[PDB]
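Q: So I've got this file, protein-v7.txt, and it contains compact mmCIF, C-alpha atoms:
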# COMPACT_ATOMS: atom_id res chain seq x y z
CA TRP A 1 0.00 0.00 0.00
CA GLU A 2 2.97 2.31 0.70
CA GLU A 3 4.46 2.33 -2.79
CA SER A 4 1.01 2.35 -4.42
CA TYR A 5 0.13 5.54 -2.56
CA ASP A 6 3.49 6.98 -3.60
CA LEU A 7 2.85 6.10 -7.25
CA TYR A 8 -0.60 7.68 -7.09
CA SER A 9 0.95 10.84 -5.62
CA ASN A 10 3.36 10.86 -8.56
CA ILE A 11 0.68 10.28 -11.20
CA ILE A 12 -1.62 13.00 -9.85
CA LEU A 13 1.21 15.51 -10.23
CA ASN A 14 2.28 14.25 -13.66
CA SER A 15 -1.20 13.97 -15.20
CA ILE A 16 -2.07 17.68 -15.32
CA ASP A 17 -0.04 18.36 -18.49
CA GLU A 18 -2.24 16.17 -20.71
CA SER A 19 -5.94 16.56 -21.49
CA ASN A 20 -9.00 14.29 -20.96
CA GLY A 21 -8.11 14.00 -17.31
CA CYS A 22 -10.07 10.86 -16.49
CA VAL A 23 -6.82 9.41 -15.16
CA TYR A 24 -6.66 12.29 -12.69
CA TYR A 25 -10.19 11.66 -11.41
CA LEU A 26 -9.67 7.91 -11.06
CA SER A 27 -6.35 8.50 -9.29
CA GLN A 28 -8.04 10.87 -6.84
CA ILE A 29 -10.75 8.32 -6.06
CA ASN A 30 -8.22 5.50 -5.68
CA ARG A 31 -6.05 7.62 -3.37
CA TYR A 32 -8.99 8.47 -1.12
CA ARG A 33 -10.03 4.81 -0.98
CA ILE A 34 -6.49 3.68 -0.14
CA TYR A 35 -6.39 6.31 2.61
CA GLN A 36 -9.56 4.71 3.95
CA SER A 37 -7.90 1.29 3.74
CA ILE A 38 -4.72 2.37 5.55
CA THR A 39 -6.68 4.09 8.32
CA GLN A 40 -9.02 1.12 8.76
CA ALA A 41 -6.02 -1.21 8.91
CA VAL A 42 -4.06 0.85 11.45
CA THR A 43 -7.22 1.01 13.56
CA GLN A 44 -7.18 -2.77 14.17
CA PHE A 45 -3.50 -3.72 13.72
CA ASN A 46 -2.23 -1.80 16.75
CA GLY A 47 -5.68 -2.13 18.31
CA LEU A 48 -5.19 -5.86 18.83
CA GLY A 49 -1.42 -5.52 19.15
CA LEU A 50 0.99 -8.42 19.53
CA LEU A 51 -1.69 -11.12 19.39
CA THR A 52 -2.55 -10.22 15.79
CA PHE A 53 0.65 -11.64 14.23
CA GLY A 54 2.42 -12.92 17.35
CA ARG A 55 4.47 -9.71 17.45
CA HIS A 56 4.02 -5.97 18.00
CA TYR A 57 4.43 -5.56 14.25
CA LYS A 58 3.79 -2.08 12.86
CA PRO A 59 3.82 -2.22 9.03
CA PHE A 60 3.69 1.52 8.47
CA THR A 61 5.88 4.07 10.25
CA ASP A 62 5.10 7.50 11.65
CA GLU A 63 6.51 9.14 8.50
CA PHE A 64 3.76 7.92 6.15
CA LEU A 65 1.01 8.25 8.76
CA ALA A 66 1.89 11.85 9.65
CA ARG A 67 2.46 12.86 6.03
CA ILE A 68 -0.83 11.52 4.68
CA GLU A 69 -2.85 12.62 7.73
CA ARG A 70 -1.58 16.18 7.32
CA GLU A 71 -1.99 15.92 3.55
CA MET A 72 -5.55 14.78 2.92
CA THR A 73 -7.38 16.08 5.99
CA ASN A 74 -8.30 18.87 3.56
CA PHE A 75 -10.31 16.78 1.10
CA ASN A 76 -14.07 16.60 0.66
CA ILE A 77 -14.95 13.81 -1.75
CA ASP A 78 -18.27 15.43 -2.68
CA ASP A 79 -16.64 18.57 -4.08
CA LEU A 80 -14.42 16.59 -6.47
CA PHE A 81 -16.83 16.16 -9.37
CA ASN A 82 -18.35 19.62 -8.91
CA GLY A 83 -14.90 21.20 -9.16
CA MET A 84 -13.90 19.57 -12.44
CA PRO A 85 -14.14 21.60 -15.69
CA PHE A 86 -17.39 21.96 -17.60
CA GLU A 87 -16.22 19.80 -20.50
CA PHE A 88 -15.38 16.93 -18.16
CA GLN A 89 -18.77 17.27 -16.46
CA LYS A 90 -20.63 17.17 -19.79
CA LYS A 91 -18.68 14.35 -21.44
CA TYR A 92 -18.23 12.10 -18.40
CA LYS A 93 -21.52 12.43 -16.49
CA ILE A 94 -21.15 8.69 -15.85
CA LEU A 95 -18.16 8.95 -13.52
CA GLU A 96 -20.05 10.73 -10.75
CA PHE A 97 -21.57 7.92 -8.68
CA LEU A 98 -18.07 6.51 -8.07
CA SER A 99 -17.26 9.39 -5.70
CA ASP A 100 -20.32 8.51 -3.64
CA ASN A 101 -21.46 4.95 -2.93
CA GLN A 102 -24.77 4.95 -4.81
CA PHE A 103 -23.61 3.06 -7.92
CA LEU A 104 -23.31 -0.30 -6.14
CA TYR A 105 -26.85 0.14 -4.80
CA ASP A 106 -29.01 1.21 -7.74
CA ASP A 107 -28.62 -2.50 -8.52
CA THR A 108 -29.36 -3.86 -5.04
CA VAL A 109 -32.93 -2.54 -4.98
CA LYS A 110 -33.41 -4.71 -8.06
CA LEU A 111 -32.02 -7.75 -6.24
CA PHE A 112 -34.33 -7.27 -3.26
CA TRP B 1 -55.03 17.30 -6.78
CA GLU B 2 -56.36 20.02 -9.08
CA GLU B 3 -57.19 22.31 -6.15
CA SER B 4 -53.84 21.53 -4.52
CA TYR B 5 -51.94 22.63 -7.62
CA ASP B 6 -53.78 25.96 -7.68
CA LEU B 7 -53.15 26.52 -3.97
CA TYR B 8 -49.43 25.78 -4.40
CA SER B 9 -49.22 28.21 -7.32
CA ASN B 10 -51.00 30.89 -5.28
CA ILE B 11 -48.62 30.34 -2.36
CA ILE B 12 -45.62 30.62 -4.69
CA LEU B 13 -46.95 33.88 -6.14
CA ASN B 14 -47.72 35.31 -2.69
CA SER B 15 -44.54 34.31 -0.83
CA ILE B 16 -41.86 35.33 -3.35
CA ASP B 17 -41.70 38.85 -1.89
CA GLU B 18 -41.18 37.70 1.70
CA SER B 19 -37.96 36.70 3.56
CA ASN B 20 -36.14 33.33 3.62
CA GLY B 21 -37.78 30.97 1.16
CA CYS B 22 -38.07 27.64 2.93
CA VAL B 23 -41.80 27.79 2.19
CA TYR B 24 -41.11 28.92 -1.40
CA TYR B 25 -38.57 26.15 -2.08
CA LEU B 26 -40.67 23.41 -0.50
CA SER B 27 -43.76 24.63 -2.36
CA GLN B 28 -41.87 24.46 -5.66
CA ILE B 29 -40.78 20.89 -4.87
CA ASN B 30 -44.32 19.86 -3.92
CA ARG B 31 -45.76 21.46 -7.07
CA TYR B 32 -43.33 19.57 -9.30
CA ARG B 33 -44.07 16.32 -7.48
CA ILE B 34 -47.82 16.83 -7.92
CA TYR B 35 -47.23 17.53 -11.62
CA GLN B 36 -45.37 14.22 -11.91
CA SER B 37 -48.19 12.49 -10.04
CA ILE B 38 -50.98 13.95 -12.19
CA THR B 39 -49.14 13.02 -15.40
CA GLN B 40 -48.52 9.46 -14.19
CA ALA B 41 -52.14 9.16 -13.07
CA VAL B 42 -53.62 10.41 -16.33
CA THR B 43 -51.39 8.18 -18.46
CA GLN B 44 -52.50 5.01 -16.65
CA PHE B 45 -56.16 6.07 -16.43
CA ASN B 46 -56.42 6.84 -20.15
CA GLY B 47 -54.32 3.82 -21.07
CA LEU B 48 -56.34 1.21 -19.21
CA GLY B 49 -59.63 2.91 -20.10
CA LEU B 50 -62.86 1.31 -18.92
CA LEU B 51 -61.03 -1.84 -17.78
CA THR B 52 -59.76 -0.19 -14.58
CA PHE B 53 -62.97 0.22 -12.53
CA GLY B 54 -65.41 -1.12 -15.11
CA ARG B 55 -66.24 2.40 -16.28
CA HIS B 56 -64.79 4.88 -18.79
CA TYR B 57 -63.94 7.29 -15.98
CA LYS B 58 -62.31 10.50 -17.18
CA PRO B 59 -61.22 12.19 -13.93
CA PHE B 60 -59.85 15.55 -15.07
CA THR B 61 -60.77 18.01 -17.82
CA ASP B 62 -58.73 19.19 -20.78
CA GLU B 63 -58.31 22.66 -19.25
CA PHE B 64 -55.89 21.47 -16.56
CA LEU B 65 -54.03 19.17 -18.96
CA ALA B 66 -53.50 22.00 -21.44
CA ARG B 67 -52.54 24.49 -18.72
CA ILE B 68 -49.92 22.45 -16.86
CA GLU B 69 -48.10 21.49 -20.07
CA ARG B 70 -47.52 25.15 -20.92
CA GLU B 71 -46.75 26.04 -17.31
CA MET B 72 -44.36 23.10 -16.81
CA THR B 73 -42.36 23.43 -20.04
CA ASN B 74 -38.77 22.31 -19.47
CA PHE B 75 -38.35 23.19 -15.78
CA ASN B 76 -35.23 21.23 -14.90
CA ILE B 77 -35.31 20.81 -11.13
CA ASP B 78 -31.65 19.84 -10.70
CA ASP B 79 -30.70 23.53 -10.57
CA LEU B 80 -33.48 24.73 -8.23
CA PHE B 81 -31.20 24.71 -5.20
CA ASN B 82 -28.43 26.42 -7.16
CA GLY B 83 -30.61 29.36 -8.21
CA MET B 84 -31.71 30.26 -4.70
CA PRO B 85 -30.15 33.25 -2.89
CA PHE B 86 -26.71 32.81 -1.36
CA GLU B 87 -27.97 33.28 2.20
CA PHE B 88 -30.47 30.46 1.65
CA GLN B 89 -27.69 28.27 0.24
CA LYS B 90 -25.51 28.86 3.30
CA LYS B 91 -28.30 28.52 5.86
CA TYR B 92 -30.35 25.75 4.26
CA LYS B 93 -27.83 23.48 2.59
CA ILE B 94 -29.58 20.93 4.78
CA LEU B 95 -32.54 20.46 2.40
CA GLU B 96 -30.28 20.14 -0.67
CA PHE B 97 -31.11 16.43 -1.13
CA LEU B 98 -34.85 16.92 -1.71
CA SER B 99 -34.46 18.07 -5.32
CA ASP B 100 -32.45 15.01 -6.34
CA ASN B 101 -34.57 11.92 -6.98
CA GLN B 102 -32.15 9.65 -5.10
CA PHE B 103 -32.58 10.81 -1.50
CA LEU B 104 -33.23 7.42 0.09
CA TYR B 105 -30.34 5.74 -1.75
CA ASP B 106 -28.15 5.88 1.35
CA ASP B 107 -30.15 3.58 3.68
CA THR B 108 -30.93 0.63 1.41
CA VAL B 109 -27.11 0.65 1.38
CA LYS B 110 -27.21 -0.39 5.03
CA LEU B 111 -30.04 -2.91 4.65
CA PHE B 112 -27.48 -5.11 2.90
Output the structure of this file as C-alpha cells.
A:
Amino acid sequence: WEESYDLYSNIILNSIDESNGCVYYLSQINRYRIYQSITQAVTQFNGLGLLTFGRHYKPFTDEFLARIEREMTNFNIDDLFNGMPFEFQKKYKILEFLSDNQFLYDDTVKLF
Amino acid sequence: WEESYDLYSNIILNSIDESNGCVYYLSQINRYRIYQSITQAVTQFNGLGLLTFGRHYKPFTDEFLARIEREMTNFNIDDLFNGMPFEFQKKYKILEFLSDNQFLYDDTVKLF
C-alpha cells in the first residue's frame, strides 16, 4: 500500500499536463479509498497488538502516517466532481456515482 | 389534486416577496411532485380505459391538462437549489437532497 500511494501521488502531479483527465479523477478516487484502507487497517492492527501476528508488528511508520494525515485532511470527496471543468462534467456524467457509494446500490434494490 | 396545484401556485406567487424561502422552495418541490403524479395518473387512467374500474372514468378536464403542459415546459429541477439566494444556500444546505430523486439511496445501502 505504501508504494502504491506513492505512485498515485506521482501520477496526480504528472497527469495535469495532458488533457481528458479521467486518469486524474480515477487516481483521486483511488487515493482516497487507499487512505480509507490504511486508516481502517491501522485502527485494528495496533488495536489488537501483539496477538494479531504474534508480534508488535507495525507495518507503516510515523513518516507515512503523519504525512498523509496532514496531507488529505483537507479533502471533501463530494466537491471533487463539482470542481472539475465543464467539458469533463458534460462528457463524463457517468463517472459521478463513483465518488459517492450509490452506484453499487441502484442495482441492489433490483435484487431485493 | 387540481385544487392543490392551484393553492401551491397561489402560495408561490404570494410568498416570493417575503424573507427566507423555505416555504417557497418546499412549495416548488411539492408542485413539481404533484405535476409528476398527475401526469402518471392520467397516463395510466387513459391507457387502461374502462377496464380499470369497469367504467370509462375520465377524472380531469382538458383545461388542466393544457394548462400544466404550458406552465411546466422544461423546468429542470436539478438547478433549483443552485438558483436560490446565497444566504439560503448557506443557511439551508440541509434540504439540498430533496431536489435530487435519489434521497433514500443511502439507507438501502445499510439494509445489505
Q: For residue 4 of chain B, find every residue with an atom within 9 Å (counting all atoms listed in the file), except residues of its own chain fewer than 3 positions away, and show them as number ranges by chain.
A: B: 1, 7-9, 31, 34
Q: Please indicate the distance in Å from atom CA of residue 81 of chain B to atom CA of residue 37 of chain B, rounded to one decimal place.
A: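 Atom-to-atom, atom CA of residue 81 of chain B and atom CA of residue 37 of chain B are spaced 21.5 Å apart.
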Q: Mind doing a quick least-squares superposition of chain A onto chain B, all C-alpha atoms paired one-to-one in order, and writing it out as a short mmCIF file (atom, residue, chain, number, x, y, z; two decimals) with C-alpha atoms, in the coordinates of the input?
A:
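Saved to superposed26.cif:
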data_model
loop_
_atom_site.label_atom_id
_atom_site.label_comp_id
_atom_site.auth_asym_id
_atom_site.auth_seq_id
_atom_site.Cartn_x
_atom_site.Cartn_y
_atom_site.Cartn_z
CA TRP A 1 -54.99 16.85 -6.80
CA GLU A 2 -56.63 19.65 -8.81
CA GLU A 3 -57.24 22.08 -5.95
CA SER A 4 -53.92 21.17 -4.29
CA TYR A 5 -52.05 22.16 -7.45
CA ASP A 6 -54.10 25.36 -7.56
CA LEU A 7 -53.24 26.16 -3.93
CA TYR A 8 -49.56 25.53 -4.61
CA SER A 9 -49.73 27.88 -7.60
CA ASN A 10 -51.24 30.49 -5.29
CA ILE A 11 -48.67 30.01 -2.52
CA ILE A 12 -45.69 30.21 -4.88
CA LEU A 13 -46.91 33.61 -6.06
CA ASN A 14 -47.75 34.86 -2.57
CA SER A 15 -44.56 33.68 -0.83
CA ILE A 16 -42.08 36.01 -2.56
CA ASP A 17 -42.91 39.02 -0.35
CA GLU A 18 -41.58 37.41 2.84
CA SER A 19 -38.04 36.24 3.60
CA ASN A 20 -36.54 32.83 4.55
CA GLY A 21 -38.15 31.31 1.51
CA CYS A 22 -38.06 27.67 2.57
CA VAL A 23 -41.80 27.58 1.91
CA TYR A 24 -41.10 28.57 -1.69
CA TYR A 25 -38.58 25.76 -2.18
CA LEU A 26 -40.82 23.12 -0.61
CA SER A 27 -43.77 24.34 -2.69
CA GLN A 28 -41.69 24.05 -5.86
CA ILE A 29 -40.67 20.49 -5.01
CA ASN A 30 -44.23 19.51 -4.09
CA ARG A 31 -45.59 21.01 -7.33
CA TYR A 32 -43.08 19.10 -9.45
CA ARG A 33 -43.90 15.86 -7.62
CA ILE A 34 -47.65 16.39 -8.04
CA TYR A 35 -47.06 17.03 -11.75
CA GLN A 36 -45.31 13.66 -11.83
CA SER A 37 -48.28 12.10 -10.03
CA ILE A 38 -50.89 13.58 -12.38
CA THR A 39 -48.94 12.54 -15.48
CA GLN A 40 -48.36 9.02 -14.15
CA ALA A 41 -52.06 8.73 -13.33
CA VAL A 42 -53.31 9.98 -16.71
CA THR A 43 -50.91 7.52 -18.35
CA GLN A 44 -52.80 4.51 -16.94
CA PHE A 45 -56.34 5.85 -16.36
CA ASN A 46 -57.14 6.41 -20.04
CA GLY A 47 -54.61 3.73 -20.93
CA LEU A 48 -56.85 1.01 -19.51
CA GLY A 49 -60.02 2.96 -20.25
CA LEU A 50 -63.52 1.86 -19.29
CA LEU A 51 -62.41 -1.35 -17.58
CA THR A 52 -60.55 0.60 -14.89
CA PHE A 53 -63.67 1.90 -13.08
CA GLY A 54 -66.40 0.35 -15.23
CA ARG A 55 -66.72 3.64 -17.12
CA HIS A 56 -64.72 5.87 -19.47
CA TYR A 57 -64.16 8.17 -16.50
CA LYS A 58 -61.73 11.04 -17.04
CA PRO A 59 -61.07 12.79 -13.69
CA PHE A 60 -59.13 15.71 -15.12
CA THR A 61 -60.20 17.79 -18.12
CA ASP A 62 -58.22 19.23 -21.00
CA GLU A 63 -58.08 22.62 -19.26
CA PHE A 64 -55.80 21.51 -16.41
CA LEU A 65 -53.77 19.14 -18.59
CA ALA A 66 -53.05 21.76 -21.26
CA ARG A 67 -52.38 24.51 -18.72
CA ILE A 68 -49.88 22.56 -16.62
CA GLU A 69 -48.22 20.90 -19.64
CA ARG A 70 -47.60 24.31 -21.21
CA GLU A 71 -46.63 25.72 -17.81
CA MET A 72 -43.95 23.44 -16.41
CA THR A 73 -42.36 22.01 -19.56
CA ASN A 74 -39.81 24.75 -18.83
CA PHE A 75 -38.55 23.42 -15.50
CA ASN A 76 -35.29 21.65 -14.73
CA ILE A 77 -35.34 20.34 -11.17
CA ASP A 78 -31.54 20.32 -10.94
CA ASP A 79 -31.24 24.08 -11.48
CA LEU A 80 -33.60 24.88 -8.59
CA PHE A 81 -31.15 24.77 -5.70
CA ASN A 82 -28.33 26.31 -7.74
CA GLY A 83 -30.54 29.28 -8.61
CA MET A 84 -31.52 30.16 -5.05
CA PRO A 85 -29.75 33.08 -3.29
CA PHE A 86 -26.40 32.65 -1.58
CA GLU A 87 -27.84 33.05 1.92
CA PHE A 88 -30.34 30.26 1.31
CA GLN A 89 -27.58 28.02 -0.05
CA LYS A 90 -25.37 28.62 3.00
CA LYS A 91 -28.03 28.33 5.70
CA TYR A 92 -30.05 25.46 4.21
CA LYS A 93 -27.42 23.16 2.67
CA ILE A 94 -29.58 20.32 4.00
CA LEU A 95 -32.51 20.87 1.64
CA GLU A 96 -30.59 19.90 -1.49
CA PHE A 97 -30.97 16.12 -1.71
CA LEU A 98 -34.77 16.53 -1.78
CA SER A 99 -34.61 17.88 -5.35
CA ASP A 100 -32.76 14.75 -6.42
CA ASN A 101 -33.55 11.26 -5.12
CA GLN A 102 -30.32 10.53 -3.25
CA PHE A 103 -31.59 11.22 0.29
CA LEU A 104 -33.74 8.08 0.46
CA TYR A 105 -30.73 6.01 -0.63
CA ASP A 106 -27.79 7.13 1.51
CA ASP A 107 -29.69 5.00 4.04
CA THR A 108 -30.35 1.98 1.82
CA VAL A 109 -26.66 1.15 1.37
CA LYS A 110 -26.64 0.81 5.16
CA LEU A 111 -29.60 -1.58 5.04
CA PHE A 112 -27.96 -3.80 2.43
#
Q: Find the smallest box with edges along x, y and z containing every listed atom of segment 28-36 of chain B, then add 5 Å on each side and report centre and edge lengths in Å to one decimal, as lines of an AutoDock Vina configuration file.
A:
center_x = -44.3
center_y = 19.3
center_z = -7.9
size_x = 17.0
size_y = 20.2
size_z = 18.0
Q: Which neighbours of segment 16-22 of chain B fall inside 10 Å, counting only C-alpha atoms, when residues of the same chain fewer than 2 positions from it are skipped, and could you give them as a short mmCIF file (atom, residue, chain, number, x, y, z; two decimals) with C-alpha atoms, keeping the file's coordinate frame?
A:
data_model
loop_
_atom_site.label_atom_id
_atom_site.label_comp_id
_atom_site.auth_asym_id
_atom_site.auth_seq_id
_atom_site.Cartn_x
_atom_site.Cartn_y
_atom_site.Cartn_z
CA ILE B 11 -48.62 30.34 -2.36
CA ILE B 12 -45.62 30.62 -4.69
CA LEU B 13 -46.95 33.88 -6.14
CA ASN B 14 -47.72 35.31 -2.69
CA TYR B 24 -41.11 28.92 -1.40
CA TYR B 25 -38.57 26.15 -2.08
CA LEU B 26 -40.67 23.41 -0.50
CA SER B 27 -43.76 24.63 -2.36
CA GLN B 28 -41.87 24.46 -5.66
CA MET B 84 -31.71 30.26 -4.70
CA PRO B 85 -30.15 33.25 -2.89
CA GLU B 87 -27.97 33.28 2.20
CA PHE B 88 -30.47 30.46 1.65
CA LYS B 91 -28.30 28.52 5.86
CA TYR B 92 -30.35 25.75 4.26
CA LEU B 95 -32.54 20.46 2.40
#
Q: Please provide as a list in words all residues within 12 Å of residue 107 of chain A, with the sequence filter that same-chain residues fewer than 6 positions apart are discarded (counting only C-alpha atoms).
A: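 Answer for this query is residues 101 of chain A; 105, 108, 109 and 112 of chain B.
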Q: Skipping near chain neighbours, those fewer than 6 positions away, what residues fall within 12 Å of residue 56 of chain B using all atoms listed in the file, listed as number ranges by chain?
A: B: 45-50
Q: Using all atoms listed in the file, which residues sit within 12 Å of residue 65 of chain B once same-chain residues fewer than 2 positions away are excluded, as a ChimeraX atom specification?
A: /B:2,35,38-39,41-43,59-63,67-72
Q: Please identify all polymer residues lying at most 12 Å from the point (-18.0, 15.8, -2.4) (file coordinates), using only C-alpha atoms, and present the result as a VMD selection string.
A: chain A and resid 28 to 29 32 74 to 84 96 to 101
Q: Suppose you want the space between atom CA of residue 106 of chain B and atom CA of residue 102 of chain A; what is it in Å?
A: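 That distance, rounded to one decimal, is 7.1 Å.
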Q: Add whatever atoms are absent from segment 80-92 of chain B to reach N, CA, C and O atoms, and provide the output as a PDB file, in the frame of the given file.
A:
ATOM      1  N   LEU B  80     -32.636  23.905  -9.092  1.00  0.00           N
ATOM      2  CA  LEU B  80     -33.480  24.730  -8.230  1.00  0.00           C
ATOM      3  C   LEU B  80     -32.715  25.208  -7.007  1.00  0.00           C
ATOM      4  O   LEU B  80     -32.808  26.379  -6.622  1.00  0.00           O
ATOM      5  N   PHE B  81     -31.953  24.314  -6.378  1.00  0.00           N
ATOM      6  CA  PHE B  81     -31.200  24.710  -5.200  1.00  0.00           C
ATOM      7  C   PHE B  81     -30.056  25.648  -5.545  1.00  0.00           C
ATOM      8  O   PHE B  81     -29.644  26.457  -4.706  1.00  0.00           O
ATOM      9  N   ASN B  82     -29.534  25.559  -6.767  1.00  0.00           N
ATOM     10  CA  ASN B  82     -28.430  26.420  -7.160  1.00  0.00           C
ATOM     11  C   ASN B  82     -28.875  27.846  -7.440  1.00  0.00           C
ATOM     12  O   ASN B  82     -28.094  28.785  -7.246  1.00  0.00           O
ATOM     13  N   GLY B  83     -30.114  28.033  -7.890  1.00  0.00           N
ATOM     14  CA  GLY B  83     -30.610  29.360  -8.210  1.00  0.00           C
ATOM     15  C   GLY B  83     -31.125  30.162  -7.043  1.00  0.00           C
ATOM     16  O   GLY B  83     -31.450  31.340  -7.217  1.00  0.00           O
ATOM     17  N   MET B  84     -31.213  29.560  -5.861  1.00  0.00           N
ATOM     18  CA  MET B  84     -31.710  30.260  -4.700  1.00  0.00           C
ATOM     19  C   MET B  84     -30.676  31.268  -4.196  1.00  0.00           C
ATOM     20  O   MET B  84     -29.495  31.172  -4.533  1.00  0.00           O
ATOM     21  N   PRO B  85     -31.100  32.255  -3.404  1.00  0.00           N
ATOM     22  CA  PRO B  85     -30.150  33.250  -2.890  1.00  0.00           C
ATOM     23  C   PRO B  85     -29.036  32.621  -2.073  1.00  0.00           C
ATOM     24  O   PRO B  85     -29.173  31.530  -1.513  1.00  0.00           O
ATOM     25  N   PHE B  86     -27.909  33.334  -2.015  1.00  0.00           N
ATOM     26  CA  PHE B  86     -26.710  32.810  -1.360  1.00  0.00           C
ATOM     27  C   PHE B  86     -26.929  32.583   0.127  1.00  0.00           C
ATOM     28  O   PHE B  86     -26.406  31.612   0.689  1.00  0.00           O
ATOM     29  N   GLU B  87     -27.680  33.468   0.784  1.00  0.00           N
ATOM     30  CA  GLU B  87     -27.970  33.280   2.200  1.00  0.00           C
ATOM     31  C   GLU B  87     -28.764  32.004   2.434  1.00  0.00           C
ATOM     32  O   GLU B  87     -28.516  31.278   3.404  1.00  0.00           O
ATOM     33  N   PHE B  88     -29.727  31.715   1.556  1.00  0.00           N
ATOM     34  CA  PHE B  88     -30.470  30.460   1.650  1.00  0.00           C
ATOM     35  C   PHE B  88     -29.548  29.266   1.439  1.00  0.00           C
ATOM     36  O   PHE B  88     -29.680  28.243   2.122  1.00  0.00           O
ATOM     37  N   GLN B  89     -28.616  29.372   0.489  1.00  0.00           N
ATOM     38  CA  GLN B  89     -27.690  28.270   0.240  1.00  0.00           C
ATOM     39  C   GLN B  89     -26.811  27.997   1.447  1.00  0.00           C
ATOM     40  O   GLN B  89     -26.574  26.836   1.800  1.00  0.00           O
ATOM     41  N   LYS B  90     -26.312  29.050   2.095  1.00  0.00           N
ATOM     42  CA  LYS B  90     -25.510  28.860   3.300  1.00  0.00           C
ATOM     43  C   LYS B  90     -26.347  28.291   4.434  1.00  0.00           C
ATOM     44  O   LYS B  90     -25.970  27.294   5.061  1.00  0.00           O
ATOM     45  N   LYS B  91     -27.495  28.909   4.709  1.00  0.00           N
ATOM     46  CA  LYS B  91     -28.300  28.520   5.860  1.00  0.00           C
ATOM     47  C   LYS B  91     -28.930  27.151   5.656  1.00  0.00           C
ATOM     48  O   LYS B  91     -28.878  26.290   6.541  1.00  0.00           O
ATOM     49  N   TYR B  92     -29.525  26.930   4.488  1.00  0.00           N
ATOM     50  CA  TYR B  92     -30.350  25.750   4.260  1.00  0.00           C
ATOM     51  C   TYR B  92     -29.743  24.827   3.221  1.00  0.00           C
ATOM     52  O   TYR B  92     -30.456  24.309   2.356  1.00  0.00           O
TER      53      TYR B  92
END
